[PDB]
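J.: Chains as they are written, first to last, in the deposited numbering: chain A, 40 to 136; chain B, 41 to 139. Mind looking over this structure? Questions follow.
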């Protein structure tokens with residue numbers, strides 16, 4: 040958690056969805072799990088700005104490790120999670136029990 | 041307002057702009073450079089605008105964005121290329137040969 044990616048969360052009738060803006064990270068390097076109700080989204084984003092940093096005239100993009108945690112309702116079925124990314128948005132879908 | 045974050049690097053032969061534009065296909069990001077000013081513009085939709093009341097957390101920014109970056113006179117607008125991966129658009133702007 041040296042940066043805190045934005046995550047929206049919705050509870051539909053029969054599932055939750057979390058949508059995490061994680062640009063610049065392959066969805067396979069993002070770990071999504073639920074442990075005792077806590078949905079965590081964790082990984083480490085690398086950034087070009089850590090390489091030849093002095094050649095940057097601006098560095099706005101955050102990166103490094105992240106670890107987002109959400110205490111989702113007990114209805115979230117922790118054995119149902121899927122996560123798939125497109126264009127740096129990770130969409131995590133979790134059925135309700 | 042969504043102000044997508046950008047880093048900009050000056051390499052020996054090129055400037056490189058890296059923009060975090062998650063949730064947009066790269067082909068939908070308009071990149072233009074005119075008068076030494078590199079512009080990125082586009083629009084992102086968000087799921088949060090649909091059935092907003094079912095969201096228990098909303099923080100992702102979306103809607104239109106347009107940022108402009110004046111670059112050194114060395115940058116050559118005509119040579120720009122851009123490629124996107126995982127929501128990051130990397131724009132490469134070559135430098136003009138020396139006068």
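Cβ coordinates follow ideal geometry from the N, Cα and C atoms, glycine included.
1) With a threshold of 16 other CB atoms inside 10 Å of the CB of residue 59(A), please say whether the residue is buried or exposed.
2) Please work out which residues of its chain come closer than 8 Å, Cβ to Cβ, to residue 89(A), disregarding the five sequence neighbours upstream and downstream, and give them in chain order.
3) Quick check: what's the CA-CA separation for residue 132(A) versus residue 121(A)?
4) Please report the distance separating the alpha-carbon of residue 78(A) from that of residue 72(A).
5) Are the beta-carbon atoms of residue 94(A) and residue 109(B) separated by less than 9 Å?
6) For residue 105(A) and residue 126(B), what's the separation of their Cα atoms in angstroms?
7) So the beta strand (DSSP E) residue 75(A) belongs to, where does it begin and stop?
8) Determine whether the beta carbon atoms of residue 46(B) and residue 80(B) lie at a separation below 9 Å.
9) At the 9 Å Cβ level, is residue 120(A) part of the contact set with chain B, yes or no?
10) What residues in the region 45 to 68 of chain A have a beta carbon less than 9 Å from any beta carbon of chain B?
11) If you run the structure through DSSP and keep just helix, strand and coil, what is residue 90(B)?
12) Report buried or exposed for residue 115(A), applying the criterion of at least 16 other Cβ atoms within 10 angstroms of its Cβ.
13) Using 9 Å as the limit for Cβ to Cβ distance, is residue 99(B) near chain A?
14) Give the interface partners of residue 128(A) over in chain B, defined as CB-CB distance under 7 Å, in chain order.
15) Do residue 48(B) and residue 124(B) have their C-beta atoms closer together than 9 Å?
16) Does any CB atom of chain B fall closer than 9 Å to the CB of residue 94(A)?
17) Based on the DSSP secondary-structure assignment, which residues constitute the bridge partners of residue 59(A)?
18) Please report whether the beta-carbon of residue 86(B) lies at a distance below 9 Å from any beta-carbon of chain A.
19) Does any residue of chain A have a CB that is nearer than 9 Å to the CB of residue 70(B)?
20) Is residue 66(A) helix, strand or coil by DSSP?
T.: Answer, in terms of the structure:
1) Position 20 of the first chain, counted from the first residue, corresponds to residue 59(A). Counting Cβ neighbours within 10 Å, residue 59(A) comes out buried, since at least 16 surround it.
2) Position 50 of the first chain, counted from the first residue, corresponds to residue 89(A). Same-chain partners within the cutoff: 102.
3) The residue labelled residue 132(A) in the question sits at position 93 within the first chain. The residue labelled residue 121(A) in the question sits at position 82 within the first chain. So the two alpha carbons sit approximately 5 Å from each other.
4) On the first chain, residue 78(A) is found 39 positions in, with the first residue counted as 1. On the first chain, residue 72(A) is found 33 positions in, with the first residue counted as 1. Each residue's alpha carbon lies about 6 Å from the other.
5) As a first step, residue 94(A) must be located in the first chain, where it is residue number 55. As a first step, residue 109(B) must be located in the second chain, where it is residue number 69. No; because the gap between Cβ atoms is not below 9 Å, this pair is not in contact.
6) In the first chain, the residue the question calls residue 105(A) occupies position 66. In the second chain, the residue the question calls residue 126(B) occupies position 86. One C-alpha to the other measures close to 16 Å.
7) As a working mapping, residue 75(A) is identified with position 36 in the first chain. Residue 75(A) -> no beta strand (DSSP E), and no H or E assigned at all.
8) Working through the second chain from its first residue, we reach residue 46(B) at position 6. Working through the second chain from its first residue, we reach residue 80(B) at position 40. Result yes, Cβ atoms of residue 46(B) and residue 80(B) sit closer than 9 Å.
9) Walking along the first chain from the start, residue 120(A) turns up at place 81. Answer no: the Cβ-Cβ gap between residue 120(A) and chain B never drops below 9 Å.
10) 45, 46, 47, 48, 49, 50, 51, 52, 55, 56, 57, 58, 59, 60, 61, 62, 63, 64, 65, 66
11) To locate residue 90(B), count along the second chain from 1; it is residue 50. Coil.
12) To locate residue 115(A), count along the first chain from 1; it is residue 76. Answer is buried; the Cβ neighbour count reaches 16.
13) Counting from 1 along the second chain, the entry for residue 99(B) is found at position 59. Chain A contact via Cβ: present.
14) Counted from its first residue, the first chain places residue 128(A) at position 89. By Cβ distance, chain B contributes 62, 63, 127.
15) Counted from its first residue, the second chain places residue 48(B) at position 8. Counted from its first residue, the second chain places residue 124(B) at position 84. Going by C-beta atoms, residue 48(B) is not nearer than 9 Å to residue 124(B).
16) Indexing the first chain from 1 puts residue 94(A) at position 55. It does; some Cβ of chain B falls within 9 Å.
17) Translated into the one-based positions of the first chain, residue 59(A) becomes position 20. For residue 59(A), which the question treats as bridged, DSSP gives the partners 46(A), 129(A).
18) Within the second chain, numbered from 1, the residue matching residue 86(B) stands at position 46. Yes - at least one Cβ of chain A is within 9 Å of the one on residue 86(B).
19) Counted from its first residue, the second chain places residue 70(B) at position 30. Residue 70(B) does not count as touching chain A.
20) Taking the first chain and counting its residues from 1, one reaches residue 66(A) at position 27. DSSP places residue 66(A) in helix when its eight states are reduced to three.
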